[PDB]
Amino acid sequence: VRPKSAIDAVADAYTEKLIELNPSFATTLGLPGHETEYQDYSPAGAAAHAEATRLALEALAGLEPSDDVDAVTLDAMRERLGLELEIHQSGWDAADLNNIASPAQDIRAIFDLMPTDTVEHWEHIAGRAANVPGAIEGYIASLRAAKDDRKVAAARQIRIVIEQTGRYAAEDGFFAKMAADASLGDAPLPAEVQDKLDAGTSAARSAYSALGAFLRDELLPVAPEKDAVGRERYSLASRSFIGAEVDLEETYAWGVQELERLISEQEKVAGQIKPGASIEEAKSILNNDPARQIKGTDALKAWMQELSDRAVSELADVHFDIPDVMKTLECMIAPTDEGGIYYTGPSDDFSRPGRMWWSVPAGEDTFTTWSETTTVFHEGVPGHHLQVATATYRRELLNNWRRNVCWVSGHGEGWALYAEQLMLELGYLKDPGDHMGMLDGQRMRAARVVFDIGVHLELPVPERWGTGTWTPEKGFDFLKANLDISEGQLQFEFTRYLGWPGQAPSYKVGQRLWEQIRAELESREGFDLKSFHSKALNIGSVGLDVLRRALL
């Protein structure tokens, strides 16, 4: 029963404008009306977004907060929107292209959300396919304008997007298969809608082939070879992922030291698995021990479930406030192989509980759990589930901007890392195998800090990892030493960090900042850890600067 304020009204109106400007955002919100439409990716599209943003800030400028909730809203919006305008004004937004989260991927990805149960559904898919050309044309218009302004993505990233988009457009690629395999009730589409689908998918194929040609012929020849984006671009991207403007040299130095600590810890844990064992030697023992393997998905679900239910029942009303509807975290098998464990939060009304989904790679039916205990806490309780479910629980106290728009990577990923560290400190990882798995994920995330900042700023390589200053080649060998992952995933992560600067440290740096907030509050009389967790999580997703000011 907290009534909406004038500030919430501005926040809600801005949200409606965002929905109006980006119809893809409405479909990803479940809002009907604009199922076939894309945002305007052209420069005029970007100017319109920026203008709406500038007008929203102006509207907020003379509005005093009516309560603490308003003050957080003002702070979060001023931070997020102000940063958005700094990035737009920098000119680099127009050049946006990378291997993972840029318009070429986004324009294709939206199709995966669309239902396929009625003729009208298939008309929507066909109609969206038929709008892929205009989306791509506007995107090419922004890339071309940035190019004329001497701002072009690294050659590596352009080459990757030419590869990815050529598969989308190929004879047997995404859009072709969409039209060829379409069904309704396990039967072919009626001919009239099928023809709409064939025409639309055909246009989508041609548009992705044109982006390919443009990239190849106009952009690639002027693309820089150098991947590093440099200090000025880096600091703005870093802010986008963390919501704090960190000291980059200081953060880099912290990350190098933190990686060294985590390796030292792994060496200690190795000796707890087998006296005097190297990390690699201990890992063969864990990975070859019949006791650390589970057979079949039923037993796997049972294992996840017990861990989750135990964490809830032990932490409830001790370290966290967990309302009854949040105590359920259903552990499940992913219908598809999303390549790891993922979390889906509860419905707004809590009729669907939070769920955790383990993706089983094709043909796999035995499961090693030592490395995934920590992941259960990260993706589940007290990580993502408590954070996401608490924000959702407090939704009546949160305007639509806060609920549906404002989201900061360092905040939510930092929290899941905080959560793993808390479970270490509370004695959940005493088994050396489980401990090792936690350290592995921390080590990989500490390596991200060193790589991202070191490479993009061309900093001195730490003597443990090389000499001179960082180059992408040196960075690749460094990742290979610190990430226990497949060859193909290593190559992907490498490419990602190079093309998406600022995001990779958001995990460990988010953890650091969360821990700094808690450490400060701990210095004071009456600190109460449960009360801290409640106040913080109630706020929802905000930048780390904003969170610190809401809490200190």
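The numbering used is simple: start at 1 and walk along the sequence shown.
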**Asked** On average, which has the higher Cα B-factor in the deposited entry, 414 to 422 or 397 to 405?
**Response** 397 to 405
**Item:** Given 222 to 230 and 276 to 284, the range whose Cα B-factors average higher in the PDB entry
**Value:** 276 to 284
**Prompt:** Between 518, 508, 496, 54, where does the Cα B-factor run highest in the record?
**Reply:** 518
**Fill in**
Max C-alpha B-factor within the set 85, 481, 141, 429 falls on 429
**Prompt:** In terms of the CA temperature factor given in the entry, to which third of its chain does residue 314 belong: lowest, middle or highest?
**Reply:** middle
**Asked** Mind checking which third residue 367 falls in for C-alpha B-factor across the chain?
**Response** highest
**Message:** Quick check for you: using the entry's CA B-factors within this chain, is residue 328 in the lowest, middle or highest third?
**Reply:** highest
**Request:** Looking at the entry's B-factor column for C-alpha atoms only, identify whether residue 45 ranks in the lowest, middle or highest third of its chain.
**Result:** middle
**Request:** Just say lowest, middle or highest third for the CA B-factor of residue 359 relative to the other modelled residues in its chain.
**Result:** highest
